[PDB]
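Below you will find one chain, with nothing else, as structure tokens; this is the form deposited in one PDB entry, and questions on how it binds or moves follow later.
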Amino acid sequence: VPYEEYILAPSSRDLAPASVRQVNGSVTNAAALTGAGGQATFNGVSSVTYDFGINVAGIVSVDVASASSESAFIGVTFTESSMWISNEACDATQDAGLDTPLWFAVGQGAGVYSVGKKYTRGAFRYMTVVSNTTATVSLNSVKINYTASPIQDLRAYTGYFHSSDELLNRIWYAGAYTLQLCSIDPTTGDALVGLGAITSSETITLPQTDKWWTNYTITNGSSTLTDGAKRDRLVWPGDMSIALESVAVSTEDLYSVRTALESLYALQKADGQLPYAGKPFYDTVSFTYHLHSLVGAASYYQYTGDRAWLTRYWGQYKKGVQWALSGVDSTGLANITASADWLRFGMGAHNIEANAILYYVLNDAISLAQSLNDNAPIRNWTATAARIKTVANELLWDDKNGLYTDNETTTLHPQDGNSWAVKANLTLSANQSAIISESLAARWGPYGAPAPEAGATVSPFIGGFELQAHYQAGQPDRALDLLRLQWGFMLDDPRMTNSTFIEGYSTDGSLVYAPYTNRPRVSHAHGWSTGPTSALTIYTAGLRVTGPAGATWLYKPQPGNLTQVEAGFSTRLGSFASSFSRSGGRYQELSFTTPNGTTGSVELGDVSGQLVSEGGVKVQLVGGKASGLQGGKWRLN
């Protein structure tokens, strides 16, 4: 309800394109297919590329009025980015080649032509209607059944964010909408229908095209969160380590997260190994992604407060923790023998990123075990955790460059490892964390923060963890600067979609993703690139869930130089909201709402005064902090 005007999601599921972008050949009244009136008559070989304004998804229907020849055809091509607009092909989903247009033999007669959900286009902003025959074809409409997020009201958000910075607001809502697009009907999964047949080492020529379909049921239930709407349309655990919290503070569609998580845990091996991806992707060993599955279960319990779910899955979670701990060696660090990660290079040995994620997982597991009163596993865990810290900063810390090396035998400093080490509290001091934040920011290029472990690549995925690291190191304006630089490029570059966020690109500002050779296959709607949504709600607005469903919370707004911030979301316990206005580095007004029955703490920084409750309770701030605050509405006096 609040700030609904920023919500990108369509107001219906019956969608005509918004505007005509380009016309080729004799075409009468192309604007008719935008709902502007009349019918559109294609006279011979012709085409019209239409623009929807935003990235959309679903099932195309061609309403034909007449066709002069029995051999007439109408084709439809789709593309996320405008650089792959073509009257001959879509953009790519497979490892090599462009996808074939959807061809309708409309030479029969009048009626609506469709091939249903088997050929759902998972994501596209531009749609080209093509007549490749000398026939005259009149069409009444070409519309889309919008099938992204199938069991929800697309414009009924439970979270919101609005600041004095309009770019930040648009970035928040673009992340939320991206997540909506990646929630699919589970019966239309697996866009990689050519896995095994089409590989990177191949060439599909200009007249050659890839066939595509969507008919693998990837989860149970009626909705699930995938990595990318166009592609892979599969469940990936690492992507959830950014996507879950951004879903939780905007749409609250944690049911799709839950189906994805359950499908992943259903693939656990007897020894506890969790999968690299959901079915039918290759059974692959990946340390880090197994740990991401553990992270995801922990965060799901944190936001839903589902005791029954955690109880169902605690045995599997402990088995996974045991599997990961089996990699720890005499050193006290995990020695990673699997190279598979987020499509980066050099995963192995005493990798800083793997061990930081392990530290994070261990602390998650201890807090969960205390929630469940399962004290037995705690000891080992604590000890192991300590060792990681103690050894990771002795054998991996580079004091001269202010960052962690990737392992013991390299001078490379990975962005993911250092970001995660700050996010997991692997550093021995806040001063260290500030060094890491400063040194990461020192590496920014004209198009955002680099990930040297994956070559000349910018990763919005790792950008989300770096944002969190800048925040936890006490640098909110550094984080807002990275937001502006990287995500304003992702949102406002004319090749982007202006609604959804890219999977990754290159440091020179090109849309080359190094792991892929088929550049049209990069997805422009990946949930793992939506870090700013959760970051702006949690850190800028200061609404931090610290207990199940917000049973306990921390209010720590890190405003920086923003002069006005409003944000809010809900859990099954009630409403969280934060609202403040500043000027000259001081709060003019500050208020926040937390659900009843909850208790929390406050941390405003260098702020002195009283917090007044709705009833009238007054609490003095000591060092900008206060604890034991009872749930409700609070204002700063």
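Residue indices: 1-based, along the sequence shown.
- In this entry, 196-204 has the higher mean Cα B-factor, the comparison being between 196-204 and 451-459.
- Taking the mean C-alpha B-factor of each stretch as recorded, 398-406 and 488-496 are not equal, and the higher mean is that of 398-406.
- Remark: of 257, 378, 184, 441, 378 shows the highest value [criterion: C-alpha B-factor in the PDB entry].
- For the set 134, 533, 437, 147, the PDB entry puts the maximum C-alpha B factor at 134.
- In the deposited entry, the Cα temperature factor of residue 431 sits in the top third of values across the chain's modelled residues.
- Per the deposited record, the Cα B-factor of residue 252 falls in the middle third when ranked against the other modelled residues of its chain.
- Residue 27 sits in the highest third of its chain by CA B factor, as recorded in the PDB entry.
- Among the modelled residues of its chain, residue 570 has a C-alpha B-factor that falls in the middle third, as given in the PDB entry.
- Per-chain ranking of the deposited C-alpha B factor places residue 16 in the middle third.
Heads up, the form solved in complex with a small molecule isn't pictured, but that's what we're talking about next.
- Proximity to the small molecule in the deposited bound form, taken as heavy atoms within 4.5 Å, picks out 524-532 from the listed stretches 242-250, 308-316, 524-532, 542-550.
- When you look in the deposited bound form, the only residue of 470, 231, 290, 121 with a non-hydrogen atom within 4.5 Å of the small molecule is 231.
- This chain lacks the partner; the member of 303, 555, 157, 342 within 4.5 angstroms of the small molecule in the deposited bound form by a non-hydrogen atom is 342.
- Within 4.5 Å of any heavy atom of the small molecule in the deposited bound form lies no heavy atom of residue 161.
- At the 4.5 Å threshold, heavy atoms of residue 192 reach the small molecule in the deposited bound form.
- The small molecule is not drawn, but in the deposited bound form it has no heavy atom within 4.5 Å of residue 487.
- Within 4.5 Å of some heavy atom of the small molecule in the deposited bound form lies at least one heavy atom of residue 281.
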